[PDB]
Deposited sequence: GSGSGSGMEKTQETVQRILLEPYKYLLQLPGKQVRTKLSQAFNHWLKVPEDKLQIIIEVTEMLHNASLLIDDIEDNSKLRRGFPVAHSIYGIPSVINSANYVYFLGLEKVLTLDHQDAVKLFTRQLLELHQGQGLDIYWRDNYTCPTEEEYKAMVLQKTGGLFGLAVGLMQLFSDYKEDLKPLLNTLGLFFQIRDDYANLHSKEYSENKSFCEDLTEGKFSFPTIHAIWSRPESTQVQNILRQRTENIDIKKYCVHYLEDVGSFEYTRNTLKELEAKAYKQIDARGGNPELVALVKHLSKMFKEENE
């Protein structure tokens, strides 16, 4: 059993990332959705653990794929332990999550786990494909990818909960709204505001995110943003210049407007389902970020 220290070696990058929980929005979202689903506490606890394990593991992988520098205000794990250690450690946690999903003792849990992880990797693969092949998505293509990349894990937690629930109404349209809302909110924070990532890391990554997609499509006579993204640059002045352009062509105002529409849509969709005070409060809390800047 002592030889099992190997477990400590393999998990150290994972435990490092856990040194500072970001939010437990997926945990708090699970609790909010249990207002409808009324899942027995023992099953719910396992589902939350699986969900957060996969979430944190995917952040380890995502930061490697994106050449990110900070997460949750801390250096990314692979910048300390190295990329090879963190790939293996994150992937190890994927299969520890599969192991935990088996303890739910439901014939369909693994099938749902599989379905959602395939969707997550399709979303992530599209995000990477567009960025690294320098082909900006349309706004609609971006949204559809976000539903897979971000809604994927939402749908895993909620889908697993429904396996143990008598509530059989379709929650997928609301999950879709929350997935888009969460990602665009994150796209906005990364370029408009440190607290999570360092200064405009999305620009250094070269990713097409909601603000830059708007700037690219709404001013087609300029290729400035595409070229800056292609430079994969860390230069603070180029990044500051590109943020000024996004501001001047209304990309940040357009992103705030989209977020305000998504928040309003969430409230309507929650009201159509009989209400949910916990979910309303969570959406409202997440929406302070794009409302009072001055």
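Gaps without C-alpha coordinates occur at 1-9, 203-205, 307, with positions taken along the deposited sequence from 1.
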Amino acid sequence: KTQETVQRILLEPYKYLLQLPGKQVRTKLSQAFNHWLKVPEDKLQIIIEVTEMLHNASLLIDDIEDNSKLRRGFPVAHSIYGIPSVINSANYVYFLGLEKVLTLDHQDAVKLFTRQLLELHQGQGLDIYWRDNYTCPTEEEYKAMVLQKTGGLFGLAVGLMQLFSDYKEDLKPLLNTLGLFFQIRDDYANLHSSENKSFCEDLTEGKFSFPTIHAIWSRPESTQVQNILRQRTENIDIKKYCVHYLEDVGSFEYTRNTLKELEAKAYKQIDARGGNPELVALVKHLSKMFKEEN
From here on, numbers count along this sequence of modelled residues.
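Higher mean CA B-factor, judged across 27-35 and 63-71 from the recorded values: 27-35. For the segment pair 194-202 and 139-147, the entry gives 194-202 the higher mean B-factor, averaged over Cα atoms. As recorded in the PDB entry, 234 shows the highest C-alpha B-factor of the residues 253, 263, 234, 248. Remark: of 92, 182, 154, 167, 167 shows the highest value [criterion: C-alpha B-factor in the PDB entry]. Among all modelled residues in this chain, the alpha-carbon of residue 15 has a temperature factor (C-alpha) in the lowest third. The PDB entry assigns residue 131 a C-alpha temperature factor belonging to the lowest third of its chain's modelled residues.
Among all modelled residues in its chain, residue 242 ranks in the middle third by Cα B-factor. Per the PDB record, residue ranking by Cα B-factor puts residue 46 in the middle third of the chain.
When the modelled residues of the chain are ordered by their C-alpha B factor, residue 106 lands in the highest third.
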